[PDB]
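This document opens with one chain alone, in structure tokens, the form solved without coenzyme A.
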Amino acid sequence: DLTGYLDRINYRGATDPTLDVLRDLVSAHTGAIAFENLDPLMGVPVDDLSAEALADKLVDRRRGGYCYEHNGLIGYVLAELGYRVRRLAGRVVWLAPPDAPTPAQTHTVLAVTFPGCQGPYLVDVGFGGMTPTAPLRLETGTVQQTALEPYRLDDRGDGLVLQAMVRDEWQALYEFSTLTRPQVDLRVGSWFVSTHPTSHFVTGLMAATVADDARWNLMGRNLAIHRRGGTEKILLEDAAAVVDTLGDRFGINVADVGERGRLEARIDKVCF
């Protein structure tokens, strides 16, 4: 399904398994396919992580997705290109203090290698609003400036913790083990996050995309545009404007979700 995907992320673009191509794929992907949880919000589970089902939705149907869908899809792409891809699981610690309760293992990221690589790279195009938009060296200590925030991995345990400087503060994003996880364990986690009544992807709306050189982040009716020298915040007026924004700014094929009236009613109930 490769050409369809390359067209959808508008990549144009050498295709060898190199570090340059990996950077360009990650920028293109993050620039093109939104993060969104319209499926779980509308009571539709994310239960099929195969290459076909994720391409059908994120490519053919011009929908976005969440972590399992994003890193699912890009993982299959990269493998097809001649990268070696290992799927990893993580726990989200965003904004949480050190004494927070242990979060579920609800995130998935990739450890990626390729011919002539200098060591493994972390690829994560699925952590919505703060997803790194470059592959990162899978090494600790190093401060890694991207097109947006700088990132840094730290040894914690047992595993690693990804941090970024968000506005003016170093923020831990998620902790993860470098142990490969079976596809079945990912499906268990995706089931949880897409169906559990306490899941943040069940109880509210979340969408995120990147431009030059801005993060566009949506939380319910709260739209934030995070640029280099400032953040613009917009309170969307009504469920109708939220859906327009999902289609227009986030590039999501909202018609796929069903009748516009039902999406709106759902967003109004949530959200509103």
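Numbers for residues come from their place in the sequence shown, where the first is 1. Between two forms, the rigid core is defined as the largest C-alpha subset superposing within 1.5 Å. Only residues modelled in both forms are compared.
Keep in mind that the form solved in complex with coenzyme A is not shown, yet the notes after this line are about it.
Site check by superimposition: coenzyme A, modelled from its position in the deposited complex, clears the backbone and C-beta atoms of this form, with no atom inside 2.4 Å, and the site reads as open.
Against coenzyme A in the deposited complex, the set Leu95, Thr106 and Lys233 is in full contact: each member has a heavy atom within 4.5 Å. None of 214 to 222, 23 to 31, 51 to 59, 238 to 246 except one has non-hydrogen atoms within 4.5 angstroms of coenzyme A in the deposited complex; the exception is 214 to 222.
The single contact residue among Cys117, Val202, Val166, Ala79, judged by any heavy atom lying within 4.5 Å of coenzyme A in the deposited complex, is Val166.
Among the residues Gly189, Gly126, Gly75, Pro135, the one placing a heavy atom within 4.5 Å of coenzyme A in the deposited complex is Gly126. Although the partner is absent here, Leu88 lies well away from coenzyme A in the deposited complex, with no heavy atom inside 4.5 Å. None of the heavy atoms of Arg63 is located within 4.5 Å of coenzyme A in the deposited complex. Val44 falls outside the set of residues with a heavy atom inside 4.5 Å of coenzyme A in the deposited complex.
At the 4.5 Å threshold, heavy atoms of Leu38 stay clear of coenzyme A in the deposited complex, well away from it. In the core-superposed comparison between this form and the one not shown, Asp158 has its Cα shifted by less than 2 Å.
When two forms of a protein are overlaid on their rigid core, residues whose CA moves 2 Å or more are considered shifted, and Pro98 is one of them between this form and the one not shown.
In a core-based superposition, a mobile segment is defined as at least three consecutive common residues whose CA atoms each shift by 2 Å or more; between this form and the one not shown, just one such segment exists, spanning 97 to 99.
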